Amino acid sequence: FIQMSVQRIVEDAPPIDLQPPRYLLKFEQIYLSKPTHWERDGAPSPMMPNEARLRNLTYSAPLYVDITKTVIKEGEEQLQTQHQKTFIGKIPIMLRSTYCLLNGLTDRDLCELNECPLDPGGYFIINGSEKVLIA
DNA sequence: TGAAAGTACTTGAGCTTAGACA
RNA sequence: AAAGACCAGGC
DNA sequence: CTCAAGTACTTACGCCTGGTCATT
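Residues numbered from 1 in each chain as written, not as in the entry; some residues may be left out. Chains lettered and ligands numbered in written order. Part of a larger assembly, values for the part shown. Heavy atoms only, no water.

Per the deposition metadata, cryo-EM was the technique used to determine this entry, at a resolution of 3.20 Å.

Dropping the structure here:
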């Protein structure tokens, strides 16, 4: 879903055609980061799943998509402005998936962060609650 | 994605037939 | 803390 | 003035435990 489906959905959506000048908006490619928490002061910091459970936070990762804005002023010159890392929202991250912070960590690493090595993962943390999607 | 049975409403058909006996 | 929704479960 | 031929319309389902959740 993260690697293919999100990019397919973003690139599939028709571009914004509006209008007399005309403006066209196109989304190029989405970018995912590790789950990070933005505090009141706005300082980013990695959010670990245990801290998400304890503080009733939502274990999610910000989603950034490159957007190119093109303006048509009827002067035969269309000025195209591209926007990098445009933040459109935060996608909840299934624990121990590829984009989870616990991915690829050994038993000692998981214990150092107070996470059970035997924890199979595969669930989401929303407001501190462990949610599992039923097929 | 399957999937239920009885009942309260409407509506709209549908039809050989005329004289002069009490 | 009232009234709802959903979920899981017991017999 | 029917009546069979249709269409809407209505039903329900034992008790108990707990958890979460968004809104008020």
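The discussion continues.
Undergrad: Explain the pattern of salt bridges to me, please; I cannot follow it from the model alone.
TA: Once the charged atoms of two side chains with opposite charge are near each other, the side chains can pair. Counting across every chain of the model gives 10 salt bridges. Residue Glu-51 pairs with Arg-55 through a salt bridge whose shortest N-O separation is 3.0 Å. The exposure class of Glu-51 is partly exposed, given its relative accessible area of 27%. Under the relative-accessibility criterion, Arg-55 is labelled partly exposed at 42%. (Salt bridge = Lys/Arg side-chain N within 4 Å of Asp/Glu carboxyl O. Buried < 20%, exposed > 50% of the residue type's maximum accessible area, 1.4 Å probe, protein only.)

Undergrad: What should I look at first to understand the nonpolar core in this one?
TA: As a rule of thumb, nonpolar side chains are buried together in soluble globular proteins. Counting residues in each nonpolar core, the largest one holds 14 residues, and the members touching the most others are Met-47, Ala-52, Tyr-59, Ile-93, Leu-95, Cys-100 and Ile-125. If near-sequence neighbours (up to four positions away) are discounted, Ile-125 is found in contact with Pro-49, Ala-52, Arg-53, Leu-57, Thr-58, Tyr-59, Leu-95 and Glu-130. Of all hydrophobic cores here, the second largest spans 7 residues; its members include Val-6, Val-10, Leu-63 and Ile-67. (Core = buried A, V, L, I, M, F, W, Y, C linked by side-chain atoms within 4.5 Å. Contact = heavy atoms within 4.5 Å.)

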